[PDB]
Amino acid sequence: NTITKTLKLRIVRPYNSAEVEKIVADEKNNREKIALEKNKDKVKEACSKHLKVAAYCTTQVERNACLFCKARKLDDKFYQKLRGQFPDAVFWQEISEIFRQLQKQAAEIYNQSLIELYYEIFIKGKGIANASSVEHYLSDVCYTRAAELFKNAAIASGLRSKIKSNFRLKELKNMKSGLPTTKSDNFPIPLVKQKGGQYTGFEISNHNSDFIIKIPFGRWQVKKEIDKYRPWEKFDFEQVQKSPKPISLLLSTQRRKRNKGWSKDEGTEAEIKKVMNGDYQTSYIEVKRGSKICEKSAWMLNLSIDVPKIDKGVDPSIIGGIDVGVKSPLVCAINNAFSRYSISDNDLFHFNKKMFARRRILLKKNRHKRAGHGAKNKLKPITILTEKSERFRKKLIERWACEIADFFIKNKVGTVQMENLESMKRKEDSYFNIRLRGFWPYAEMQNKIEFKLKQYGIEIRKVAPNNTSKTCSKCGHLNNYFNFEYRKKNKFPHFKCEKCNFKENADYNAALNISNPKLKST
Amino acid sequence: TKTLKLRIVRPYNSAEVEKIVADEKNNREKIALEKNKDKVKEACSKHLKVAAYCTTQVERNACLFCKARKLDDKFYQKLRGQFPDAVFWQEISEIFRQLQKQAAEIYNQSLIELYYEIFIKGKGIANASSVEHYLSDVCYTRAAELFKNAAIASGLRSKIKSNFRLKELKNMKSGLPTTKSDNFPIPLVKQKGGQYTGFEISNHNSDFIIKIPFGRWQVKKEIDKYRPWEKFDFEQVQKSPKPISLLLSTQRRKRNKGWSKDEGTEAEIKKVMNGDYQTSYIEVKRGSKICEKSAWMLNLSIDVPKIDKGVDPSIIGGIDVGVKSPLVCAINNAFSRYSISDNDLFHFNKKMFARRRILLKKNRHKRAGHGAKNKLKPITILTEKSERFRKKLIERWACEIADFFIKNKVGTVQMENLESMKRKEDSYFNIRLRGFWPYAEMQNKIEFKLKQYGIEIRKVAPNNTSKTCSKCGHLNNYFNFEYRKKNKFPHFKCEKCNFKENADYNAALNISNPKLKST
DNA sequence: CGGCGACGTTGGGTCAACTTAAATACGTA
DNA sequence: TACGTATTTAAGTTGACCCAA
RNA sequence: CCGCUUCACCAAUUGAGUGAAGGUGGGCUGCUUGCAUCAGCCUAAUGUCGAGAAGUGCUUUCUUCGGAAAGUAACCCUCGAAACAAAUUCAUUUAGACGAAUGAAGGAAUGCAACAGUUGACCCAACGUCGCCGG
DNA sequence: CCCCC
Ligand SMILES: [Zn+2]
Ligand SMILES: [Zn+2]
Ligand SMILES: [Zn+2]
Ligand SMILES: [Zn+2]
């Protein structure tokens, strides 16, 4: 009945108190008054918003070239004054050292507690374990070690949920996988705090149109003798019941207030307005690093969120279908309505070929290229393009999914059937393996279209894919001549029926056969 | 160490049982012949010559005779009733799967119990003596009492001792490598040194016979319901010996196509039987390639000493410029080319010409009042940095070329002469980069990097290369440069020899010929 | 530049699982 | 006793491949 | 210059061809992302280096199968290093110039389109060396 | 056993 999501927000700064933030806001307003009175007709770069409240000038500038906006920025002498004046305040050096230490010890506890679970279940408990015995062993092992290190209960139960997400019991009993280990460096901090029924969850306050989140935390004390092999470990984290000290964080919604739908009811901005209202409680929080934005890393925060379904006036008596192809990207059909949709944008397949070709050039003769300073340094140009290509892929798939969903909602289509495609991964074909496997995300496309349709109350039926491209959509003749080897050697032609003389596209015919409700779901 | 992987098509029973099986395939072929007096017309790929009366050919795979020549399960079942010692591919597939799952279980649980005893209950203070104590007191004894072979026990103990990396696990650079019990190999250590030749491998008609000593495998009197895969017992080696003989083939699929003979392992197996190359490690594992996942493949690991050759002056190499790549290397009697790629040069030049086109456009109005001198400040430095880039690129190319000639064991490289190198319309330079290249610095750094490694240079300077073929000295004069430009730079096709190869490589071959004297 | 066998790094496909719920110490109103 | 927030705890097996080029 | 875009042409979509115009033809920051534009900047960047010693390797010593110590630094060894703006401080030549730091706290666009994210497992592919076989 | 080059 509810659909789970995450919101990704950027941490502006740690929020501190109400008196220290009153001092910060008044120092910003004092600098604004100082620059608003010292620039007495000396400058004329008042920004369009700054003309209204107080300025006496003519022209409008881009808000980057304002001088009263520029003066509101606080320097480092004010923050060493505030660290001296309020020594119980919370600033970024403590916070970034805590967050990096949390990340590294959460990865270490994840590894050691999965190995300890494998011991207690399979070596000590002789393999005898149900699923509820895995629930007991998770809360008895992973929570207990994580709460023996971090005396938070939020981090310890978040690490229990992170180990629970990746511990598969019968796959490790039947030896169908290896035991999971982390090698990652940006491992999240998983941070559950319960939200059902009589609980609220993490206590998001909205002070002056801001996104303040509060993290229940202990009183950190710097280690006396810091270890020289592991110098990131320099805090102690007392118990949250003995001596609490909750880290509040301000989260970046200033850019999102300029976005086109913030005064709407459906986007990511309406979800953030609802979380700001006190609707849409969150029970899950992940803190990760972003990219190194000017030699100091950005920290992002993911708010898991449970969202209802939207009405849209959409009924399951109208049935649609989607044919996932590599030549033609995505073609949507309706069962009886003579309506049709066909993607025509830039393609993810051509983009994957281009990125693979460039990656082949850059890897092609590495031995003297940038040698001598490690594996990470050596493969630096490719990874910078891998982040950008993953972002471009994801945004292209999401734009295709919104075009598909806008088509299907415009025709009031309630059930979209799709192909099963659970057997494609097992294919022994050399061509598929070497030329089509890693460059054609059919299932990531399918999952994002299931997600986008599921947000609107549209059901998705995985429909068995046998003889779908060759059966005719008018009179279901099952043209057996229209095999894949004939679709190959005829250079992938239109569909021609043998007893109807029916002529439509090969990707639209299989879209209108996928749309048929008679086929058995799988 | 070299690991040579073979297939297993079937076990080798004995002389008499394999005689009965081969006579049964011949008798089924004879009965399928005499019941079909030209009913169907498949005729096999070549059985048409020996004994068939049928019209057209088939690929041997859609024939009628082979699907009768493929035996039936019940025949092997009545043979297993009639012969108690004959081993077949269903029973030994069960034994291989159960031994794979057992050894993977012992390996996984021994790594996790090592990690527990060392890093969790033992607070991270544990030398390798505690690892050797755990192995020889717990894991070797467990593997020597579950399956009583000392080969699989001392192979599992060695695979865990080598695969448990204490120095990399103490500092948490890595985690534990745990497997999937289909990718796990069954180790089977025996000695290499002197007395033990190792597993007593013999030969067949383009096949091999490996005689692993093993046990008797009485079936369990009551299968354990909660572990249903463990259905054998593995009685001891010295009490009831029953050595498995397997039949090993070199055939592999050409990416799921027909069987090609792999001669790269086959030569090494010939060196095994001839008396040298004593083997010491026979792993059994499932196949990893496509259309081989249900095939049991047998890796012979064999140890060779790290012995260099040096360079020998009989091998003669050559460097010549190309038209799509700046430098092509070649050896006369081998294939062995090494074409230096263009893309980093091309993209450096693309960015340098973009910076030139920009700094010569936004100087006419901005840089003004002081003359052209104000304009000239930026370019002098960009081209200086470009020359330093070209110098580092030429040093990288010299490193690549010298690594190529050391790996391919070349002792004397013959380069074209300097003025004959630069006066060339068949170069990548003078077509794209109009003149801007240090040929003298390039040749001096290639000469110095090669003379660092004890390789001579010769300066042969041919009269007319880039159209003379190598296999015959034809002087194919139809290679005009103006012909090459209009025909989109085509390959080298010999007229009388029909030798199809690259136009860069045969031109790199005519420099490497020793029949033309130094100049 | 093609195969074949190891080891190593990476990228990048599918797929699975998480984003729970009841009870209780410790403290306060 | 009502409420809040941080803390802890929930239990027991049961393969899989289907082939002698 | 373009293995850059568009238009016109020729030969048979490749030319890494002819002509005219235009443009980083590679990136960074602009407050979650993508594309285009805009302001500023870097660019030898598919580059060149710094510091180290946990590991692979290598040398020496030791009961020396195992393994440990010390060192060397080849490594697809570890960590890093270009790129918006206001502010602050110092040195040096004659208000200006250079070197140059300490750093986060909403100082930074416009338009269109979006905005579940993380962890792990399995598999395939590319590449690097290391050996064998063939034309 | 087809869905996809
Ligand atoms: Zn302003
Ligand atoms: Zn029809
Ligand atoms: Zn025959
Ligand atoms: Zn010839």
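A. Highlighting the domain arrangement of chain B. One can read the domain layout of chain B as domain 1 (1-32 + 82-307) and domain 2 (316-345 + 402-509). Computed over C-alpha atoms only, the centres of domain 1 of chain B and domain 2 of chain B are separated by 49 Å.

B. Region of the structure containing the side chain of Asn302(A). All names here are of chain A. Counting through the fold element by element, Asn-302 comes out in strand β5 (residues 296-307). Judged by relative accessible area, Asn-302 falls into the buried class, the value being 12%. Among the polar contacts listed, one links the side chain of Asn-302 to the side chain of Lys-8, at a separation of 3.2 Å. Those residues in contact with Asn-302 that lie beyond four places of it in its chain are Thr-6, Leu-7, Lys-8, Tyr-284, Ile-285 and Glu-286.

C. Structural detail: the nonpolar core. The biggest cluster of nonpolar side chains holds 85 residues, and the ones touching the most others in it are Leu117(A), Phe167(A), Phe164(B), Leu246(B), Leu248(B) and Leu298(B). Here the element with the most residues in this core is helix α5 (residues 89-120) of chain B; it accounts for 16 residues. Residues in contact with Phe164(B), not counting those within four places in the same chain, are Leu111(B), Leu114(B), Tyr115(B), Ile118(B), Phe119(B), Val131(B), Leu169(B) and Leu176(B).

D. How the structure looks around the coordination of the zinc ion (ligand 4). All names here are of chain B. For the zinc ion (ligand 4), the full set of protein donor atoms is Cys-472 (SG) and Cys-494 (SG), at a range of 2.3 Å. Note that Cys-472 is positioned in the loop between β13 (456-458) and α15 (481-486) and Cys-494 in the loop between β14 (492-493) and β15 (500-501), a separation of 22 residues in sequence. Judged by its relative accessible area of 7%, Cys-494 is buried.

E. Quick peek at the sheet that holds strand β1 (residues 3-15) of chain A. Residue and element names in this part refer to chain A. Read from one edge of the open sheet, 5 strands run β2-β3-β1-β5-β4, paired in antiparallel fashion. The two strands at the open ends of the sheet, each matched to only one other strand, are β2 (211-215) and β4 (284-293). Going across the sheet, the axis of each strand differs from the next one's by a mean of 40°, ignoring polarity. Examined bridge by bridge, β1 and β5 share 8 bridges and lie antiparallel to one another. Pairing of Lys-5 across the sheet is with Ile-305, part of β5. Along the sheet face, helix α9 (residues 268-277) touches β1, β2 and β5 and points at about 70° away from the line of β1.

F. Geometry of the packing of aromatic side chains. Considering all chains together, one arrives at 43 aromatic pairs over all chains under this definition. Ring centres of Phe232(B) and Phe234(B) lie 6.5 Å apart, and the angle between their planes is 35°; this geometry places the pair in the tilted category. Of the residues examined, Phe232(B) reaches a relative accessible area of 7% and is grouped as buried. For the ring pair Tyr428(B) and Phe429(B), a centre distance of 5.7 Å and an interplane angle of 65° mean the geometry is edge-to-face. The buried category is assigned to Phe429(B), whose relative accessible area is 1%. Site record: aromatic cluster; members linked through ring pairs are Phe150(A), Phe217(A), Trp220(A), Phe235(A) and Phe237(A). It is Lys159(B) that lies over the ring of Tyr107(B); its NZ or CZ is 5.3 Å from the centre.

Cut-off values and rules
Residues numbered from 1 in each chain as written, not as in the entry; some residues may be left out. Chains lettered and ligands numbered in written order. Heavy atoms only, no water. Residues with missing side-chain atoms left out of burial classes, pairs and counts. Domains from an automatic or database assignment. Helix = DSSP H or I, 4+ residues; strand = E, 2+ residues; numbered from the N terminus. Buried < 20%, exposed > 50% of the residue type's maximum accessible area, 1.4 Å probe, protein only. Polar contact = N/O pair within 3.5 Å; in protein donor to acceptor, adjacent residues only side chain to side chain. Contact = heavy atoms within 4.5 Å. Core = buried A, V, L, I, M, F, W, Y, C linked by side-chain atoms within 4.5 Å. Donors = N, O, S within 2.8 Å, 3.2 Å for Na, K, Ca; no water. Pairing = 2+ DSSP bridges. Axes fitted to C-alpha atoms, helices over the stretch in contact; angles between N-to-C directions. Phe/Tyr/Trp six-rings, centres within 6.5 Å; stacked < 30°, edge-to-face > 60°. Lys NZ or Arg CZ within 6 Å of the ring centre and 35° of its normal.

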